[PDB]
């Protein structure tokens, strides 16, 4: 296909591709974080078992929803969503966290991971605002407000 000044949804192509690149790095972080959270669910031991087995599942279920919506936003911008483990490991800032078996280590892992997601989502929000990409802005807004609330709760548990 020939390059076009505007994409199918009527946004500037260059600016949309920059946004999609940043969204793809975000998606990489989500994917590694989701995997870590699945591990937290599986591997928890001790008297927090039932509570946190269930909490971690709630948390990764909500991440999975976001992963779906994020890949769709990338497609919506006429860009390619990263869709391999190898690709995600190359791009992610969040590290693989394995053999976390205690509530506090897993919960702190979540806090630290969400702190990266929030930071990256605020940067994307700002960039999207600069060019009037309201669809991308709106998505980041939703993610930020939800995850700020969650970060409050996780930190409350850890006090």
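Positions refer to the first chain, counted from 1.
For the pair 25-33 and 128-136, the mean B factor over Cα atoms is greater in 128-136. Mean C-alpha B-factor is higher over 1-9 than over the other stretch, the pair under comparison being 148-156 and 1-9. Among 54, 91, 107, 117, the highest C-alpha B-factor recorded in the PDB entry belongs to 54. Of the candidates 66, 97, 122, 47, the one whose C-alpha carries the top B factor in the deposited record is 47. The deposited CA B-factor of residue 77 belongs to the lowest third of values across its chain.
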